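Structure, as structure tokens:
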Amino acid sequence: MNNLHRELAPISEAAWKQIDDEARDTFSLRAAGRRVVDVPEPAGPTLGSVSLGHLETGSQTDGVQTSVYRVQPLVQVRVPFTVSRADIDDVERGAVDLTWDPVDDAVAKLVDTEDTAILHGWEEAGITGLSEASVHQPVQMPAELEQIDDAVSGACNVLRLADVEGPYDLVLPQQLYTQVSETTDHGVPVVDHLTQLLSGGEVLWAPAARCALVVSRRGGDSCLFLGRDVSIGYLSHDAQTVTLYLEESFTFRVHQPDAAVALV
Amino acid sequence: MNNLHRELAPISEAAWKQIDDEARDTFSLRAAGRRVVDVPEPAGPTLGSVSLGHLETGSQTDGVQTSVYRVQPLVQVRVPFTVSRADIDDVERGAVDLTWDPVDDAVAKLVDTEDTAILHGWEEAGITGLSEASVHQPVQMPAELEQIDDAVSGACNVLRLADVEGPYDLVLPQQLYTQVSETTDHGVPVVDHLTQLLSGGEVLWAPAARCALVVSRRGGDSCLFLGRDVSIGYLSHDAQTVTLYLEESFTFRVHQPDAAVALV
Amino acid sequence: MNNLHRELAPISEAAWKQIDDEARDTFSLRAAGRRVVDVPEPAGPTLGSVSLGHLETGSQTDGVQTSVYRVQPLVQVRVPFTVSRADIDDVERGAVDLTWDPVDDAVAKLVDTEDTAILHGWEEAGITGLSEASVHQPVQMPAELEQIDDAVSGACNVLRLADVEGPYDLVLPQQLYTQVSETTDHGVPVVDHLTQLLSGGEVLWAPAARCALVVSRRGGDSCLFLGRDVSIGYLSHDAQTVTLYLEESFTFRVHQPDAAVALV
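Protein chains in written order, with the deposited numbering: chain A, 1 to 264; chain A', 1 to 264; chain A'', 1 to 264. A prime marks a further copy of an entry chain.
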């Protein structure tokens, strides 16, 4: 057994397969910050920090000179939720109409916190997001949404002058995504022009985002370091419900501040 | 070239071989803390921290619970020294009577700082030594040095009651080593009785030590983590001298506080 | 599953390996009565008594004569202790600085009770120890510890006159072991003379002993019968701690009372 005490849970194998598939599908559909950043393979549970590559010189006495390496520790996130033993039992009885609402809510919370850390920064785990770690001034957005191409072109040209280059992605909040998708100009959808401006990039639907922003996709400008990965574990159970949790250990770091620009 | 800009130094190959051999021999003879602790293979220049394996829980809001891994960063030490171009030139002319006094002094400084960090702790790099990270009260030492066996037996029995076990080593300052070696009781050297008490261990000569202490040698109680290793590098040169430095990146950590006891 | 409900404990496999290794190492180092007696292989959980080989004649009526075999039942010992779920979780996170103090304390209790049963007898499980089941009068010990050779020689000669023979072992309490090890006569350690007197035997450090005693090592004079063996099992767990226990089923019996003598 690992730290995920899964064989100690009163949950059958089919119910486990349904539960860890609903959560994974919800995470894959709901998470948009994972797409804009580079995500390497999970290091493992032993890894606990990322070396920044720099040294802080504190003090130096006589011949001896002393300097300390600079590192950023990882942060773990646990979101607990309760599921129904009646549903878990019906899973083998053949129910296919089970909506794992607690699982979806927990995945939503995890996705929200991870996307907020990636895009704006957590400022509690020491993470600085793309929006905060951006040297470019925010590019204003025109009203009525028929002229969003102006802001997109301005952002792309700011990135080009920053020698950033590469296919760009425009990440929008869900409401702005709705409005831009419904906007049509003179009967010609603005999304086609936006895709043409993005040099082959895509407009992304980010339900957990809180601001619009353009990022290059050349590669190597930001990275999400995962020690562990999104996993489901067991906490306790009573005669009515079973308590589980979603756990993830990670950090996020921005190597090149100029590869992203904020369209606020 | 690496960060040790050695091909940019006005030093011949025979002079390099003499210089990096004098320093290595002086370090091997002078360093005694390396013998009492476990030293794994050097990790490399990229490694910058050691994960303690623990988590600090700072705060937790709504469903999300947040905890941060605990790590200890490495520390680098650089000791510069100047050598004579006349000596470097005489090295190929055939001089074998060259005493690299600056090199010996720099190695002495490096050995002193490393041994102090290992045994008493640096309290500047975050290192806690064996003496400070000891849960056992200090075992007093009798006077006149004929009864040092009493203190040795008391320390060994304290370690045995702590379930520590294993061949013990008694590390002494150089002066106390002289006095114990010259002490003879009733014509029978006390060193033989001390070795018998130590369960096959050895009495160690530590010129850089500042206190006497007994450590078990079972293995796994303390560890010195080396990112880089003791290396010689180049800084500058003028028409008279060449400036070099000794560099080492390391940390020290005590896993089991009870395996060592302080005989002060 | 056996009666040790180990798969029902919220403990990982690495934590199990650390827990059942700390206890075993502590038992091996701390237990000294196991060394002085013969310990055969564990019989099993079904065995419940040892047949003494004798018969008690209670009554006999008319032609029929009735006698009952004499047996000694085994006794089981359970020592419970609580361990921390935080430590168990850190075991996979990489902590190597975990001191299993509850486990050490439980092993100490088990070792103390077993050694007391072996040497002095439990008088609750029906066990009579070597000290109580000794036909030899106690051999007095001289003061100042420089003349302990006198008591050792007297004990060895009493055993020789009892036709016992064989390499003898002198079992001492921990305090007396310290004092004898530090005693040196005229600069010549008394331990060498004691070993010479013991006919190649060893002086044993017994932290759980309460009296000094010499036993022959010829073989077959006393025996510790183990049905089960020192094992770790699960009791319960809450959100903070996990409750485990150390269990052992045994008995001790003295075949030849004259092979041991008490130096009190």
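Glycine included, C-beta positions come from ideal geometry on N, C-alpha and C.
Answer yes or no: does any C-beta atom of chain A' fall closer than 8 Å to that of residue i?
i                        : result
residue 196 of chain A   : no
residue 84 of chain A''  : no
residue 207 of chain A'' : yes
residue 113 of chain A   : yes
residue 30 of chain A    : no
residue 230 of chain A   : no
residue 94 of chain A''  : yes
residue 170 of chain A   : no
residue 129 of chain A   : no
Would you kindly check if the distance between the Cβ of residue j and the Cβ of residue i is under 8 Å?
i                        : j                        : result
residue 82 of chain A    : residue 230 of chain A   : no
residue 259 of chain A'  : residue 191 of chain A'  : no
residue 203 of chain A'' : residue 170 of chain A'' : yes
residue 110 of chain A   : residue 22 of chain A    : no
residue 227 of chain A'' : residue 53 of chain A''  : no
residue 197 of chain A'  : residue 181 of chain A'' : yes
residue 207 of chain A'' : residue 85 of chain A''  : no
residue 68 of chain A'   : residue 73 of chain A    : yes
residue 64 of chain A'   : residue 79 of chain A    : yes
residue 250 of chain A   : residue 75 of chain A    : yes
residue 66 of chain A'   : residue 124 of chain A   : yes
residue 167 of chain A'  : residue 217 of chain A'  : yes
Give me the residue from the options with the minimum Cα distance to residue i.
i                        : options                              : result
residue 39 of chain A'   : A'/159, A'/262 and A'/223            : A'/223
residue 201 of chain A'' : A''/208, A''/207 and A''/193         : A''/193
residue 280 of chain A'' : A''/4, A''/261 and A''/17            : Because chain A'' spans 1 through 264 in this model, residue 280 of chain A'' falls outside it and cannot be assessed.
residue 165 of chain A'' : A''/219, A''/208 and A''/264         : A''/219
residue 132 of chain A'' : A''/118, A''/44, A''/90 and A''/185  : A''/118
residue 26 of chain A''  : A''/189, A''/112 and A''/151         : A''/112
residue 31 of chain A    : A/197, A/139 and A/115               : A/115
residue 205 of chain A'  : A'/57, A'/178 and A'/217             : A'/178
residue 209 of chain A   : A/156, A/160 and A/108               : A/108
residue 13 of chain A''  : A''/91, A''/4 and A''/244            : A''/91
residue 121 of chain A   : A/256, A/257, A/264 and A/252        : A/252
residue 135 of chain A'' : A''/189, A''/155 and A''/151         : A''/155
residue 151 of chain A'' : A''/141, A''/33 and A''/239          : A''/141
residue 211 of chain A'' : A''/186, A''/173, A''/93 and A''/246 : A''/173
residue 147 of chain A   : A/189, A/160 and A/158               : A/189
residue 98 of chain A''  : A''/88, A''/106 and A''/105          : A''/88
residue 105 of chain A   : A/254, A/10 and A/245                : A/245
residue 46 of chain A''  : A''/36, A''/3 and A''/162            : A''/3
residue 195 of chain A'' : A''/240, A''/153 and A''/221         : A''/153
residue 51 of chain A    : A'/71, A'/62, A'/61 and A'/33        : A'/71
residue 62 of chain A    : A'/8, A'/77, A'/60 and A'/59         : A'/77
residue 184 of chain A'  : A'/128, A'/144, A'/199 and A'/159    : A'/144
residue 159 of chain A'' : A''/186, A''/128 and A''/221         : A''/221
With 8 Å set as the bound, which would you pick, yes or no: does the beta-carbon of residue i sit closer than that to a beta-carbon of chain A?
i                       : result
residue 106 of chain A' : yes
residue 242 of chain A' : no
residue 69 of chain A'  : yes
residue 219 of chain A' : no
residue 12 of chain A'' : yes
residue 89 of chain A'' : yes
Report yes or no: is there a C-beta of chain A'' within less than 8 Å of the C-beta of residue i?
i                       : result
residue 255 of chain A' : yes
residue 188 of chain A' : yes
residue 160 of chain A' : yes
residue 46 of chain A   : yes
residue 5 of chain A    : yes
residue 1 of chain A    : yes
residue 144 of chain A' : no
Mind checking who residue i pairs with in its DSSP beta bridge?
i                        : result
residue 232 of chain A'  : A'/246
residue 205 of chain A   : A/172
residue 223 of chain A'' : A''/38 and A''/253
residue 241 of chain A'  : A'/84
residue 55 of chain A''  : A''/69
residue 216 of chain A'  : A'/168
residue 262 of chain A   : A/213
(request) Output the residue ranges of the beta strand (DSSP E) runs that lie fully inside the segment 149-195 of chain A' and measure 3 residues or longer, sorted by chain position. (result) Annotation note: the segment 149-195 of chain A' contains the following uninterrupted beta strand (DSSP E) runs of length 3 or greater, listed N- to C-terminal: 168-173.
(request) Kindly provide the ranges of any beta strand (DSSP E) runs that are 3 or more residues long and lie completely inside the segment 57-128 of chain A', ordered along the chain. (result) You should have 64-73 and 75-84.
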